[PDB]
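**Student:** Right, I'll just put the structure down here and ask away after.
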Amino acid sequence: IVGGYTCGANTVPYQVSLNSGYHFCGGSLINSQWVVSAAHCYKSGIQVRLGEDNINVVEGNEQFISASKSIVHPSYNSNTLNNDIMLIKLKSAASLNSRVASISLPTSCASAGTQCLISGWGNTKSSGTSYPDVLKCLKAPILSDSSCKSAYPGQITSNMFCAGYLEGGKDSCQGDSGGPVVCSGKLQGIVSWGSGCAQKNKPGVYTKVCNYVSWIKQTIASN
Ligand SMILES: N=C(N)c1ccc2nc(C(=O)c3nc4ccc(C(=N)N)cc4[nH]3)[nH]c2c1
Ligand SMILES: [Ca+2]
Ligand SMILES: [Co+2]
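Taking PDB author numbering, I'd label the letters of the sequence shown as residues 16 to 34, 37 to 67, 69 to 125, 127 to 130, 132 to 183, 184A, 184 to 187, 188A, 188 to 204, 209 to 217, 219 to 220, 221A, 221 to 245.
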């Protein structure tokens, strides 16, 4: 997260770290057996780390659970990153509590101007590299689709929104991939792509989860 702040240990209790020997992507717990993350985060050999604050120190609150199955969206295009979303099933249900909690799926999409919280363990430097060990958080608005589509001509689809600051300085980044964008208590976005991190006129693009609630509900019930 470039230009955000330290969240506070387990203040984002639905945030997950996907680990395959190291953190590589974020995710969101949506109930004790299911995590949603991004399809560009697909790997074979995932361990879902819940209750995390510092991903390099065991601190007492974490639950490490292995994925029993991974389902990438049937129409995911890795060249355009349309339908960038994936579902990961835990081998055993998580124990929910204060520090491990799930996040609600939306009943409708959010409007431009809505404030959201984005969070992750991803890069903090826009021109350069510095990876944090504790969770970073950023408050960012959903932006008008016109200003989304001007910044990226012919690349935005209906399944995508921009959230961020056009002046740059503040953005999601690599390592935050698959993580949450929560607006008004619902999961509205998944950290997907952008151009660099926090560049002026280049905001983050996010998977528009409200278009997928039906595919999610239906896939988790028959799996
Ligand atoms: N090797 C992998 N399995 C891997 C996984 C995820 C990646 N994501 C990227 C990656 O390219 C990337 N994820 C981004 C997320 C947000 C922004 C942003 N500026 N809003 C930019 C990003 N660039 N490379 C990746 C590689
Ligand atoms: Ca830890
Ligand atoms: Co990424």
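Cβ atoms here follow ideal geometry from the backbone N, Cα and C, with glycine treated the same way.
I'd like the span of the alpha helix (DSSP H) that includes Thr241, first residue to last.
**Tutor:** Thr241 -> alpha helix (DSSP H) spans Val235 to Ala243.
**Student:** What is the rounded straight-line gap between the Cα of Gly184A and the Cα of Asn25?
**Tutor:** Cα to Cα, the separation comes out at about 24 Å.
**Student:** So what's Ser170 in DSSP terms, helix, strand or just coil?
**Tutor:** In this structure, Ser170 counts as helix in the three-state DSSP scheme.
**Student:** Return yes when at least one heavy atom of ligand 1 lies under 8 Å from the C-beta of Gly211, else no.
**Tutor:** Flag unset: Cβ of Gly211 not near ligand 1.
**Student:** Considering only C-alpha positions, which residue in the set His57, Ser147, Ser146 and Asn245 is nearest to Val90?
**Tutor:** Ranking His57, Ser147, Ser146 and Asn245 by Cα distance to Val90 puts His57 first.
**Student:** According to the Cβ coordinates, are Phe82 and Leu67 closer than 9 Å?
**Tutor:** Taking 9 Å as the Cβ cut-off, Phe82 and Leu67 qualify as a contacting pair.
**Student:** Quick check: the stretch 95-104 against the stretch 175-183, are there 3 or more CB pairs under 8 Å?
**Tutor:** Yes, since at least three Cβ pairs between the stretch 95-104 and the stretch 175-183 fall closer than 8 Å, the two stretches touch.
**Student:** Spatial neighbours of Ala129 within its chain, please: C-beta separation below 8 Å, excluding the five flanking residues on both sides.
**Tutor:** Result list for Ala129: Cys136, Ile162, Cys201, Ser202, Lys204, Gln210 and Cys232, in chain order.
**Student:** Compare the Cα-Cα distances from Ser113 to each of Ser244, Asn48 and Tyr228 and report the closest residue.
**Tutor:** Checking every option, the nearest Cα to that of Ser113 belongs to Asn48.
**Student:** Who sits around ligand 3, taking every residue whose Cβ is closer than 6 Å to one of its heavy atoms?
**Tutor:** Any residue whose Cβ sits closer than 6 Å to a heavy atom of ligand 3 makes the list: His57, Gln192 and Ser195.
**Student:** Do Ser122 and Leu108 have their C-beta atoms within less than 9 Å of each other?
**Tutor:** No, the Cβ-Cβ distance between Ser122 and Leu108 is not below 9 Å.
**Student:** Thinking C-beta only, is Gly219 closer than 9 Å to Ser146?
**Tutor:** For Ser146 and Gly219, yes; Cβs fall inside 9 Å.
**Student:** Taking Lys188 as the reference, which of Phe181, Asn179 and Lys222 has the closest Cα?
**Tutor:** Of the candidates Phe181, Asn179 and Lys222, the one whose C-alpha sits nearest the C-alpha of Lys188 is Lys222.
**Student:** Assuming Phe181 contacts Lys230 (C-beta within less than 8 Å), just tell me the rounded distance between them.
**Tutor:** That pair is a contact at about 5 Å.
**Student:** So which of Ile242, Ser61, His40 and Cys168 has the shortest CA-CA distance to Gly142?
**Tutor:** Answer by Cα proximity: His40.
**Student:** Which same chain residues, not among the five before or five after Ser170, have their C-beta less than 7 Å away from its C-beta?
**Tutor:** Hits under 7 Å: none found.
**Student:** Assuming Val52 contacts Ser45 under a Cβ cut-off of 8 Å, what Cβ separation, rounded to an integer in Å, is found between them?
**Tutor:** So it is a contact: roughly 7 Å between Cβ atoms.
**Student:** Report the option in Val235, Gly226, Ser93 and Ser84 whose CA atom is closest to the CA atom of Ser127.
**Tutor:** When only C-alpha atoms are compared, the closest one is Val235.
**Student:** Quick check on the burial criterion: 16 or more other C-beta atoms within 10 angstroms. Buried or exposed for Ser214?
**Tutor:** Buried.
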